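Undergrad: If you scroll down you'll find the structure; I have some questions about it.
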Amino acid sequence: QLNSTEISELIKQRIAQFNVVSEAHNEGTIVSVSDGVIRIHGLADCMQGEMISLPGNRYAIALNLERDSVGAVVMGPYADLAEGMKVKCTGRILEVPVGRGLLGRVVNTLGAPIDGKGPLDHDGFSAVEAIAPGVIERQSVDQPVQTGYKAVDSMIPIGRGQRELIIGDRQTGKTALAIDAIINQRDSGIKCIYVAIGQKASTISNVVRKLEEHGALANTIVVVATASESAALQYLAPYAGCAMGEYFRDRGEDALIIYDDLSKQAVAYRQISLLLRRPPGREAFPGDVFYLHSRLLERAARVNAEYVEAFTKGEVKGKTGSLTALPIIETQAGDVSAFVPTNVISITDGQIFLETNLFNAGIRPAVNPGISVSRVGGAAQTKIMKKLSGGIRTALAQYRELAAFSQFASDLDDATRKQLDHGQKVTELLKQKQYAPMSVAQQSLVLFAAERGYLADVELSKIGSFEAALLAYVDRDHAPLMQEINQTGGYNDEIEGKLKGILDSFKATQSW
Amino acid sequence: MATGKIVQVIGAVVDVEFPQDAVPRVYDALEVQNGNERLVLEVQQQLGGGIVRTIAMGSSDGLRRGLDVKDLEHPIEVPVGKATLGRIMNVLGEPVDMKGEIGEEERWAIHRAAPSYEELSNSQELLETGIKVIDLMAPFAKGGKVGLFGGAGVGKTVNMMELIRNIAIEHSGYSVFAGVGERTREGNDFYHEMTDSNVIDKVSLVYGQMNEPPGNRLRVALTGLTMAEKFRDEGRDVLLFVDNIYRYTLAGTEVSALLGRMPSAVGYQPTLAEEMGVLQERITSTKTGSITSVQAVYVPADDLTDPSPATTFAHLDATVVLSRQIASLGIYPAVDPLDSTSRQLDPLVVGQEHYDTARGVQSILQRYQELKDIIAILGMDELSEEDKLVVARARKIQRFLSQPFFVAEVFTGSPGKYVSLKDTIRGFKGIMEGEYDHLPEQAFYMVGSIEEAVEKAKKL
Amino acid sequence: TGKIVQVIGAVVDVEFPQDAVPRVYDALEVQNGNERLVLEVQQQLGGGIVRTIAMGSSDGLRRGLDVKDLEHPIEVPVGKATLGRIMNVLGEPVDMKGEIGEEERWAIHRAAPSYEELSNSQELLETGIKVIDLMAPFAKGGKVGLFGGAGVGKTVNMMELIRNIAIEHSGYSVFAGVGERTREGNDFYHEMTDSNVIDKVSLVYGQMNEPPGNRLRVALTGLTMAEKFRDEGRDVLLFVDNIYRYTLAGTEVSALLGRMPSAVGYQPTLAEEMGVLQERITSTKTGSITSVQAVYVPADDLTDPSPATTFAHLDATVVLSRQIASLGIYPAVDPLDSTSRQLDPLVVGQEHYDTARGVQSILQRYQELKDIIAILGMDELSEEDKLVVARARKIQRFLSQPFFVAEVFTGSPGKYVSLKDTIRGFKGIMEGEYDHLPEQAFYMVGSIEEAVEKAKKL
Amino acid sequence: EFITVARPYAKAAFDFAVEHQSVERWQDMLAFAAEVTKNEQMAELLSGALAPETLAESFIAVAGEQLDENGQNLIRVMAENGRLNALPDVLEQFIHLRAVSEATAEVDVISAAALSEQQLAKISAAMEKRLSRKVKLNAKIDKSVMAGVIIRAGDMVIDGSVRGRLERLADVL
Ligand SMILES: Nc1ncnc2c1ncn2[C@@H]1O[C@H](COP(=O)(O)OP(=O)(O)OP(=O)(O)O)[C@@H](O)[C@H]1O
Ligand SMILES: Nc1ncnc2c1ncn2[C@@H]1O[C@H](COP(=O)(O)OP(=O)(O)O)[C@@H](O)[C@H]1O
Ligand SMILES: Nc1ncnc2c1ncn2[C@@H]1O[C@H](COP(=O)(O)OP(=O)(O)O)[C@@H](O)[C@H]1O
Ligand SMILES: [Mg+2]
Ligand SMILES: [Mg+2]
Ligand SMILES: [Mg+2]
């Protein structure tokens, strides 16, 4: 037996008049304050998801509409509020600045500039919560987005309009891979968005300083929800980034959006749910945490030209728009059977698994190709890369099948010894240094060198120097071929001839 | 008139209170004007006096307390019949393909009782699918159920596309595709592939997409079932494709957690084994017609033992397990011949010919597994003259199980091949008898029928 | 004006007039017998009720006592006058000297500095500890965390860092003892005072004797003092003796505050409680805070929510382990789990970076062999895997060092090893130029020359 | 037990009655409303799952002794929350709040044999100094005590019974 916000003076009011004299349904009064949740009494006409306006310039989102209470979460510092403050229900839902002028700015979850470079020049506002494009409005994804990593572009292609999860343990290069995927777009025509959930501000400062060393910051938006900000903002942060990315998609341009640790958005939402007393499921997560990420990631889409023409009212014709997502997840001790990883692995179109046993042994990026998947597959590759990467899957597959013998390798036969020592070389080939991305011509050239047997003589200790020398050789001598591959991605018997000649002349007349 | 009023809204769960004369029944459908739009709610529980707890079949945002709610005095009911062929519909039977109204004569409620054990009939007519490995290693009869088990990226969805294409083109049978928790990218690729292959006019589609609330994703299996039942009453033999049972069970778990039921074994609802039976028990062949079913089932983290795949096993008649290792060596359909199984694979039903061919193939592959690890150490020349023969024939058999699909042409440009069961048995039985010991291995790779291996050997 | 109406453990409920109700985080005062007790309000419930935590022993409180509303948060002395003195959580002096002659008092609840104000500094900071500044070097103004179970050496390491940095450093320094032994606070207070460095160190103690309110709020007091020194334009050292006790004290209070439990019984607000602290301890354009934080790991489980949510807030993470300390190898740092933001070729130079990566590579390859070594014995190893095992064990020994503060435990005198002098030694061991020495030649020595010498004497 | 959920309603009803001077009418109104809750046929209805407004309107009908606006409004507010069974406790806490406001007390005096009516005067006079309130005695006779007297005033007792003395001595040993 416990009370439900029936208290002395409210009851007395009702004693004197049970049928409340008609009173504004557009306002109510705070009756409770705790941990960022306020209980409001009144607000007969409040709608779920509505924005409620508090003294000062602050807002709350109405999430629980109960029998004579509205549970709302304060978007900002709440400790100032107090029982009895009056509050009004705006008719509105949350909206965020949207425009082309956000590129290069750092903005918080409400689009307020946080870098101090002065106000924004946006292009109007967009609702943070929106429905994704329908089934009939899509178009099949058949364009590559290049990360500049041999291991990812060869064996786990990402296509414009895809949703590729990056998942691994702590400190394995999850953020590194995504920020190299961003830096590599500086001259690709894809606008990037990096939204950081629950990180400490001095990490964001550092990634922005690295994005600005390289020329990438002029072409990317940063949305920050630091670890000190209230849960409502950390939980709504990804949707503001999606609402800023959908500006480009819906106008026939391409965007790329990186949600950094959705596994922290899930935690902020768990906090909000447990403070509103909602029934906990597994690991105390609320029931609907799948519907949380699902309706977020289903906004990444490629939309056909008819949808663009309808949306821009004929102003843009003949161009498809796209939005690509790379949500990041953190698994404790490599458990992919926890509640949050179990959902996002089921929503997305692919998975990049980063492993710490590989990261320590020096294989960086630590991509694990045996368990990584891309469902779009070769449809998102340039046909030169699609042709050449097909031999790497088989090389590494036979290697994974023979790897168990590495410890008895002395007793093996020379037939399988050659496969076992080829897999090691094509594995040592996929290692790569940070912030050093490769154009598709360089990747194709190196994967060609590996597939066609050229590296068989080179000792395992020299593959890195071999590659490093080969790239400089080709750069000084054969710039006109690289300039052709990088621009067409095409593959021919003529192209194969030219490449075979390059490799012969290099391996005969150079040294590494 | 509209007799009810909303009294709570908490996420997707809405409480509505009616006068106690006219409380809706369970599973009834209500209707409310969510702004400039219409929203239907499905009653889950009659709790307390006049109050009813419901699940919203749509976005809950914009709902106020006190809105007027009207009860449609019948469950959710969807269009059925020939009118639905070639259309895409959501859980409520509304078209999501922009081709306009459905044109249906008749509407059926999606909640109905399964056939009684005496209305059934057991007939052992094998389906012919046109895929070598499936027809040979995992035969399944009309009215039975097949489960495509495997991890992610192995081929469940393109295997189902291929089965649909074959059934629709080579046997002119109708089909229904229920996309329980469907990724819109794959749903659109499926729509364009069915319409390009010119089979759309014999499939009817139902999509509960991932971005929809749990209630939509849960009830879609029953809408697909109801359409397949309408086709059965007409005396047809239909085929029902469920795109993932795993997401049916997940939608059930979410719906359970929202209604506050006390959870169970690993966070799954308590009613898991009852929901699975409510679904799987309406799929049967009755004396008037037949529903066959093939069902993709994701196994999370390769363990086959957590409740979601563990419970479904009780209902399947055949299981085809797909492996990413096999797929990575490039031999699609990526079916493992040793672990796939069928209850119909016994001589009394498939004849001694098919049975002996199947067991002989499994035995040769099982022996090649043994010899692999001697070949690795001792090298191959230490094998007998007979064992080198088992090796060459096992490698040929292992190539021959691969096949080029008509729907995979978009991935590789290669044209598809349909292989009858006679050709399958004849080809494998020939290979195992040394009839083709003179051809090279690669002559059998992605070659379709056996007579096309001899053609390909001339060109190699 | 208020009345107490409930007393559950450490949380007290107080009833105020409808229009006089305190604000969140205000401080109230009760007269608990011949004592004055301070309550800090946490929540406003309906009807003028307000729920509080007692900054003191809760025993002896009746219902109906009158509580006085002080209209301000908890405020602590701050600035130069708080220097060389021990203080309570409430800012009261706790040594037997007189009152603190402070000019100014600050509220312990503050907002973290704006993103616009932060600053970034690659200036490497040398510590004479081989493993820490080979594997996980840290920078002036950065955060360091020492992760470890119970009894593995994350306080001895912190006292050696104090020795190597905080005596050789000019600016002020702050030490917050959150929920740790009072014996060690006394030992530290006298070690300071008997070497005259006390008058540049400010101390705050909330040791484990004290009820949950003190251990809960005592970290914010140390942070407030450090932030005052930062804003004056100085650069400061802040050492926190166990930050895990700041959240455990929240778990204790959480259920009484009426909040549903979360993953392993933790409060639902764990990540926010931790972030709103860890976010104000940072350097900025006006001045810098360099910090070292000891982070206890319960049940040695590094995937527990409380350690797991902390790794994201640190720049250098040094992970101590029991399976190494029980070999007698101190400091028991795990090099396959320690890490630093600063370990880049562009920050430490190609040679330091490359040595560190080679050391990780060898030790990892050695981990991979332990199962086959355990089953089949060491003789089945390839002729070059035996060499990997020998160099890995030599590297495991050479990572050990004698500290100056651990003389009391082992007699042997301390050693200081410079960075230039350790990368040279590890490059030597890896390149094979010491393969003729025995393993024991490397255990507990300074630079590599002392190993080459110890080998003569066996 | 409804001791904790009765407090708000008791305080609200007492404040309202105080403002309008009708405390003595409100106490009778609450007494009758509590009496209708004890009825065999009504205590069945209150347990049913009737809707609040229907339960209130069918409960209001059984009482014409309620001042039509406010006394019924209290019933309606309580019925909304499903607390009509709390009336027998709202009544007692209303009586207590009244006794506090009118500074009155009611102390039991338990004795082995009746007192002389001159003793009682002294006891009452002394208590009226022990308490700010005007006392009302209700003496009783108990044979377990056998000399002296027990004075119980609220939850404070002053024990001068010989029985208490014996059983307090036995523990000294
Ligand atoms: N290709 C690479 N080569 C060498 N080092 C790398 C590479 N990629 C990442 N690293 C290093 O690994 C360390 C961890 O990387 P990163 O921070 O990206 O991982 P993370 O998962 O984001 O860590 P956190 O758990 O803090 O998010 C960084 O210091 C980075 O310098
Ligand atoms: N028979 C096949 N031919 C060519 N590619 C295939 C085939 N089967 C699967 N794939 C590849 O696998 C990817 C996803 O297959 P799919 O069946 O959707 O996996 P899942 O079973 O996880 O849904 C496709 O994009 C395709 O590239
Ligand atoms: N360098 C060292 N040499 C010898 N013993 C050490 C060294 N460092 C730590 N120890 C041992 O570690 C034990 C654990 O002590 P302590 O560091 O206080 O653990 P905790 O970190 O839990 O406080 C000490 O009793 C001490 O013997
Ligand atoms: Mg990161
Ligand atoms: Mg699929
Ligand atoms: Mg300690």
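Ligands are numbered from 1 in the order shown, chains are lettered A, B, ... in the order of the structure tokens, and residues start at 1 in each chain.
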What residues of the protein or nucleic acid chains come within 6 Å of ligand 1 when you use only C-alpha atoms and all ligand atoms? Reply as a PDB file with C-alpha atoms, in the first residue's frame.

TA:
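pocket-v6.pdb, freshly written:
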```pdb
ATOM      1  CA  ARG A 170      37.805  -2.150 -25.701  1.00  0.00           C
ATOM      2  CA  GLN A 171      40.936  -0.650 -27.224  1.00  0.00           C
ATOM      3  CA  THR A 172      41.132  -2.555 -30.489  1.00  0.00           C
ATOM      4  CA  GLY A 173      40.835   0.202 -33.072  1.00  0.00           C
ATOM      5  CA  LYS A 174      37.089   0.653 -33.400  1.00  0.00           C
ATOM      6  CA  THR A 175      37.263   4.447 -33.467  1.00  0.00           C
ATOM      7  CA  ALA A 176      40.438   4.382 -35.541  1.00  0.00           C
ATOM      8  CA  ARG A 364      46.468  -4.098 -37.268  1.00  0.00           C
ATOM      9  CA  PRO A 365      43.750  -3.295 -38.220  1.00  0.00           C
ATOM     10  CA  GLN A 432      48.487  -1.222 -42.382  1.00  0.00           C
ATOM     11  CA  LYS A 433      49.494   1.896 -40.500  1.00  0.00           C
ATOM     12  CA  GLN A 434      47.034   4.405 -39.131  1.00  0.00           C
TER      13      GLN A 434
ATOM     14  CA  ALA C 312      36.699   5.254 -21.383  1.00  0.00           C
ATOM     15  CA  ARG C 341      46.961   7.358 -25.955  1.00  0.00           C
TER      16      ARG C 341
END
```

Undergrad: Write out as a list in words each polymer residue whose atoms come within 7 Å of region 231-234 of chain B, counting only C-alpha atoms; drop sequence neighbours fewer than 4 positions from it.

TA: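 The neighbour list is residues 81, 227, 238, 288, 289, 290 and 291 of chain B.
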
Undergrad: Pick out the chain A residues within 6 Å of chain D. Count only C-alpha atoms. Give them as a list in words.

TA: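 So the residues of chain A near chain D are residues 7, 8, 12, 15, 16 and 18 of chain A.
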
Undergrad: Can you write out the residues you just picked, keeping N, CA, C and O atoms, as a compact mmCIF listing (two decimals), in the first residue's frame?

TA:
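For reference, selection-v9.txt as written:
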```txt
# COMPACT_ATOMS: atom_id res chain seq x y z
N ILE A 7 -1.91 14.01 -2.21
CA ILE A 7 -1.26 14.74 -1.13
C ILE A 7 -2.21 15.80 -0.60
O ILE A 7 -3.18 16.17 -1.25
N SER A 8 -1.90 16.28 0.59
CA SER A 8 -2.89 16.98 1.40
C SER A 8 -3.64 18.05 0.62
O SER A 8 -4.87 18.00 0.51
N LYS A 12 -7.43 18.53 -0.80
CA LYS A 12 -8.33 19.55 -0.28
C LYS A 12 -9.00 20.33 -1.41
O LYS A 12 -10.21 20.57 -1.38
N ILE A 15 -11.70 18.30 -2.55
CA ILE A 15 -12.80 18.30 -1.59
C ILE A 15 -13.72 19.46 -1.88
O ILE A 15 -14.95 19.31 -1.92
N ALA A 16 -13.15 20.64 -2.08
CA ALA A 16 -14.00 21.80 -2.31
C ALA A 16 -14.63 21.80 -3.69
O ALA A 16 -15.74 22.32 -3.85
N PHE A 18 -14.79 18.78 -6.90
CA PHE A 18 -14.34 17.51 -7.53
C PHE A 18 -14.19 17.66 -9.03
O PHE A 18 -13.21 17.18 -9.58
```

Undergrad: Quick one: residues within 9 Å of region 436-438 of chain C, only C-alpha atoms, excluding same-chain residues fewer than 2 positions away - as a list in words?

TA: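 My list of contacting residues is residues 394, 432, 433, 434, 440, 441, 442, 451, 452, 455 and 458 of chain C.
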
Undergrad: Since we have the selection now, will you write its residues out, keeping C-alpha atoms, as a CSV table (one decimal), in the first residue's frame?

TA:
```csv
chain,number,residue,atom,x,y,z
C,394,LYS,CA,63.7,-12.8,-19.9
C,432,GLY,CA,69.3,-11.5,-29.0
C,433,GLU,CA,72.4,-10.0,-27.7
C,434,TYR,CA,71.8,-11.2,-24.1
C,440,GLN,CA,67.4,-14.8,-12.9
C,441,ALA,CA,70.1,-12.4,-14.1
C,442,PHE,CA,67.2,-10.0,-15.0
C,451,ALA,CA,71.7,-7.5,-15.2
C,452,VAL,CA,74.9,-8.1,-17.1
C,455,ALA,CA,75.0,-12.6,-14.0
C,458,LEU,CA,74.8,-15.9,-10.6
```

Undergrad: What's the 10 Å shell around residue 41 (chain A), counting only C-alpha atoms, without same-chain residues fewer than 4 positions away, as a ChimeraX atom specification?

TA: /A:5,27-32,67-71,84,86-87

Undergrad: How would the residues just chosen look if you wrote them out with N, CA and C atoms as a JSON list (two decimals), in the first residue's frame?

TA:
```json
[["chain", "number", "residue", "atom", "x", "y", "z"],
["A", 5, "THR", "N", 0.94, 10.17, -5.44],
["A", 5, "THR", "CA", 0.83, 11.62, -5.61],
["A", 5, "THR", "C", -0.59, 12.08, -5.33],
["A", 27, "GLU", "N", -1.03, 23.63, -19.48],
["A", 27, "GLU", "CA", 0.03, 23.79, -18.50],
["A", 27, "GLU", "C", -0.20, 22.91, -17.29],
["A", 28, "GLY", "N", 0.88, 22.69, -16.55],
["A", 28, "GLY", "CA", 0.85, 21.90, -15.34],
["A", 28, "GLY", "C", 1.92, 22.36, -14.39],
["A", 29, "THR", "N", 2.10, 21.61, -13.31],
["A", 29, "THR", "CA", 3.03, 21.98, -12.25],
["A", 29, "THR", "C", 3.89, 20.80, -11.85],
["A", 30, "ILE", "N", 5.18, 21.06, -11.65],
["A", 30, "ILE", "CA", 6.10, 20.02, -11.21],
["A", 30, "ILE", "C", 5.73, 19.61, -9.80],
["A", 31, "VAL", "N", 5.71, 18.30, -9.55],
["A", 31, "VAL", "CA", 5.45, 17.79, -8.21],
["A", 31, "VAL", "C", 6.61, 16.98, -7.65],
["A", 32, "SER", "N", 7.61, 16.66, -8.45],
["A", 32, "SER", "CA", 8.71, 15.83, -8.00],
["A", 32, "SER", "C", 9.92, 16.11, -8.86],
["A", 67, "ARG", "N", -2.15, 7.84, -15.49],
["A", 67, "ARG", "CA", -3.36, 8.35, -14.86],
["A", 67, "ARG", "C", -2.99, 9.46, -13.90],
["A", 68, "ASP", "N", -3.09, 10.70, -14.37],
["A", 68, "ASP", "CA", -2.77, 11.87, -13.56],
["A", 68, "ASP", "C", -1.29, 11.90, -13.18],
["A", 69, "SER", "N", -0.45, 11.84, -14.20],
["A", 69, "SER", "CA", 0.95, 12.21, -14.08],
["A", 69, "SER", "C", 1.55, 12.21, -15.47],
["A", 70, "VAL", "N", 2.57, 13.03, -15.66],
["A", 70, "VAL", "CA", 3.39, 12.98, -16.86],
["A", 70, "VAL", "C", 4.82, 12.86, -16.40],
["A", 71, "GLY", "N", 5.47, 11.74, -16.74],
["A", 71, "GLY", "CA", 6.87, 11.57, -16.45],
["A", 71, "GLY", "C", 7.68, 12.09, -17.62],
["A", 84, "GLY", "N", 6.69, 22.66, -7.68],
["A", 84, "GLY", "CA", 5.80, 23.80, -7.74],
["A", 84, "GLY", "C", 5.99, 24.68, -8.95],
["A", 86, "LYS", "N", 5.72, 26.12, -12.46],
["A", 86, "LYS", "CA", 4.74, 25.92, -13.51],
["A", 86, "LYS", "C", 5.44, 25.60, -14.82],
["A", 87, "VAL", "N", 4.71, 24.92, -15.70],
["A", 87, "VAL", "CA", 5.29, 24.38, -16.92],
["A", 87, "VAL", "C", 4.19, 24.32, -17.97]]
```

Undergrad: Which chains and residue numbers are within 10 Å of ligand 5, counting only C-alpha atoms and all ligand atoms, if I want them as JSON, numbers by chain?

TA: {"A": [346, 349, 375], "B": [151, 152, 153, 154, 155, 156, 157, 158, 159, 160, 179, 182, 183, 186, 187, 243, 244, 296, 297, 298]}

Undergrad: Set the cut-off to 7 Å and count only C-alpha atoms: what are the residues of chain A that reach chain C? Output as a list in words.

TA: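 So the residues of chain A near chain C are residues 5, 7, 31, 32, 33, 34, 79, 82, 83, 114, 115, 116, 200, 201, 202, 227, 228, 271, 274, 275, 283, 284, 332, 333, 360, 361 and 362 of chain A.
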
Undergrad: Taking only C-alpha atoms into account, report as a ChimeraX atom specification which residues of chain B lie within 8 Å of chain A.

TA: /B:7-11,60-65,96-98,152-153,183-185,187-189,210-214,253-255,257-258,260,263,266-267,300-301,325,328-330,376-379,411

Undergrad: Write out the residues from the selection above, keeping C-alpha atoms, as a short mmCIF file (atom, residue, chain, number, x, y, z; two decimals), in the first residue's frame.

TA:
```cif
data_model
loop_
_atom_site.label_atom_id
_atom_site.label_comp_id
_atom_site.auth_asym_id
_atom_site.auth_seq_id
_atom_site.Cartn_x
_atom_site.Cartn_y
_atom_site.Cartn_z
CA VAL B 7 -6.17 6.63 -20.13
CA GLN B 8 -2.43 5.86 -20.41
CA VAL B 9 0.29 5.85 -23.01
CA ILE B 10 3.65 4.34 -22.16
CA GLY B 11 5.72 3.80 -25.26
CA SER B 60 2.68 5.78 -30.64
CA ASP B 61 3.88 9.37 -30.80
CA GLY B 62 1.28 12.10 -30.83
CA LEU B 63 -1.19 10.15 -28.73
CA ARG B 64 -2.88 12.17 -26.00
CA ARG B 65 -4.79 10.87 -23.07
CA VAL B 96 2.72 -0.52 -49.22
CA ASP B 97 3.60 -0.59 -52.94
CA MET B 98 1.60 2.44 -54.11
CA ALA B 152 24.72 -14.75 -41.00
CA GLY B 153 25.66 -14.35 -44.63
CA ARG B 183 15.30 -5.41 -43.66
CA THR B 184 13.86 -2.94 -46.14
CA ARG B 185 16.97 -3.17 -48.31
CA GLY B 187 12.72 -6.50 -49.14
CA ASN B 188 13.22 -4.12 -52.03
CA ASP B 189 15.88 -6.31 -53.61
CA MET B 210 12.30 -3.79 -38.61
CA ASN B 211 11.49 -0.12 -38.07
CA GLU B 212 7.95 -1.00 -36.97
CA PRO B 213 6.83 -1.49 -33.36
CA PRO B 214 6.98 -4.99 -31.88
CA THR B 253 9.96 -11.47 -26.32
CA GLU B 254 9.62 -7.71 -26.70
CA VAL B 255 5.83 -7.79 -26.68
CA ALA B 257 8.37 -7.59 -21.77
CA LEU B 258 6.22 -4.56 -22.56
CA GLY B 260 5.16 -6.82 -17.96
CA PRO B 263 10.32 -13.42 -17.96
CA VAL B 266 17.18 -16.51 -20.95
CA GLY B 267 14.93 -13.43 -21.03
CA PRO B 300 22.68 -16.85 -32.74
CA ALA B 301 26.36 -17.50 -32.05
CA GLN B 325 33.32 -22.17 -44.31
CA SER B 328 33.95 -19.09 -48.34
CA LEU B 329 35.52 -21.81 -50.47
CA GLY B 330 33.06 -20.55 -53.07
CA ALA B 376 48.25 -33.09 -44.97
CA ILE B 377 51.03 -34.92 -43.12
CA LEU B 378 52.24 -37.85 -45.22
CA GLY B 379 51.57 -36.15 -48.53
CA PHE B 411 26.04 -11.60 -58.35
#
```

Undergrad: Do you know which residues are at most 10 Å from region 492-494 of chain A counting only C-alpha atoms, after dropping those on the same chain fewer than 6 positions away, and could you put them as a list in words?

TA: residues 383, 384 and 500 of chain A

Undergrad: Just need the residues of chain D within 8 Å of chain B, counting only C-alpha atoms, so spit them out as an MDAnalysis selection string.

TA: chainID D and resid 49:51

Undergrad: Residues of region 28-157 of chain D in alpha helix (DSSP H) according to DSSP, as number ranges by chain?

TA: D: 28-37, 40-47, 52-60, 70-81, 87-101, 119-130

Undergrad: With C-alpha atoms kept, could you save the residues just selected as a CSV table (one decimal), in the first residue's frame?

TA:
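Writing the result to part_12.csv gives the following:
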```csv
chain,number,residue,atom,x,y,z
D,28,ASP,CA,-20.3,12.7,12.1
D,29,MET,CA,-20.1,12.5,8.3
D,30,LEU,CA,-17.0,10.4,8.5
D,31,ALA,CA,-18.4,8.2,11.2
D,32,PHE,CA,-21.4,7.4,9.1
D,33,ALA,CA,-19.3,6.8,6.0
D,34,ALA,CA,-17.0,4.5,7.9
D,35,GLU,CA,-20.1,2.6,9.2
D,36,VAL,CA,-21.4,2.0,5.7
D,37,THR,CA,-18.0,0.4,4.8
D,40,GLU,CA,-21.9,-7.1,4.8
D,41,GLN,CA,-23.4,-6.3,1.4
D,42,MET,CA,-21.3,-3.2,0.7
D,43,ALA,CA,-17.9,-4.7,1.7
D,44,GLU,CA,-18.6,-7.2,-1.0
D,45,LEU,CA,-19.2,-4.5,-3.6
D,46,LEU,CA,-16.1,-2.5,-2.6
D,47,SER,CA,-14.0,-5.6,-3.4
D,52,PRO,CA,-14.4,4.1,-9.7
D,53,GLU,CA,-17.2,6.5,-10.7
D,54,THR,CA,-19.8,3.7,-10.6
D,55,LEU,CA,-18.6,2.5,-7.2
D,56,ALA,CA,-18.7,6.0,-5.9
D,57,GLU,CA,-22.2,6.7,-7.3
D,58,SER,CA,-23.5,3.5,-5.9
D,59,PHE,CA,-21.9,4.2,-2.5
D,60,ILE,CA,-23.1,7.8,-2.5
D,70,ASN,CA,-17.9,18.3,0.0
D,71,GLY,CA,-18.7,15.2,2.0
D,72,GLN,CA,-19.5,13.4,-1.2
D,73,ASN,CA,-16.5,14.9,-3.0
D,74,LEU,CA,-14.3,13.2,-0.4
D,75,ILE,CA,-15.9,9.9,-1.2
D,76,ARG,CA,-15.4,10.5,-4.9
D,77,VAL,CA,-11.7,11.4,-4.5
D,78,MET,CA,-11.1,8.3,-2.4
D,79,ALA,CA,-13.0,6.1,-4.9
D,80,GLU,CA,-10.9,7.3,-7.7
D,81,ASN,CA,-7.8,5.9,-6.1
D,87,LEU,CA,-12.4,5.3,5.8
D,88,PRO,CA,-12.4,3.5,9.2
D,89,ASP,CA,-8.9,4.8,9.5
D,90,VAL,CA,-9.4,8.3,8.1
D,91,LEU,CA,-11.9,8.6,10.9
D,92,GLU,CA,-9.5,7.7,13.7
D,93,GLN,CA,-6.8,10.0,12.3
D,94,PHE,CA,-9.3,12.8,12.0
D,95,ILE,CA,-10.2,12.3,15.7
D,96,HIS,CA,-6.5,12.4,16.6
D,97,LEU,CA,-5.9,15.6,14.6
D,98,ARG,CA,-8.9,17.1,16.3
D,99,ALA,CA,-7.7,16.1,19.7
D,100,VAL,CA,-4.3,17.7,18.9
D,101,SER,CA,-5.9,20.9,17.7
D,119,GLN,CA,-7.5,10.3,44.0
D,120,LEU,CA,-8.7,10.6,40.4
D,121,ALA,CA,-9.0,14.4,40.8
D,122,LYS,CA,-5.3,14.5,41.8
D,123,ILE,CA,-4.2,12.2,39.0
D,124,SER,CA,-6.0,14.3,36.4
D,125,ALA,CA,-4.7,17.6,37.8
D,126,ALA,CA,-1.1,16.2,37.8
D,127,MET,CA,-1.4,14.9,34.2
D,128,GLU,CA,-2.8,18.3,33.0
D,129,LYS,CA,0.7,19.5,34.1
D,130,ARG,CA,2.4,16.5,32.5
```

Undergrad: At a cut-off of 10 Å around ligand 6, and using only C-alpha atoms and all ligand atoms, what residues come up? Please write them as a PyMOL selection string.

TA: chain C and resi 150-158+177+179-181+184-185+241-242+294-296
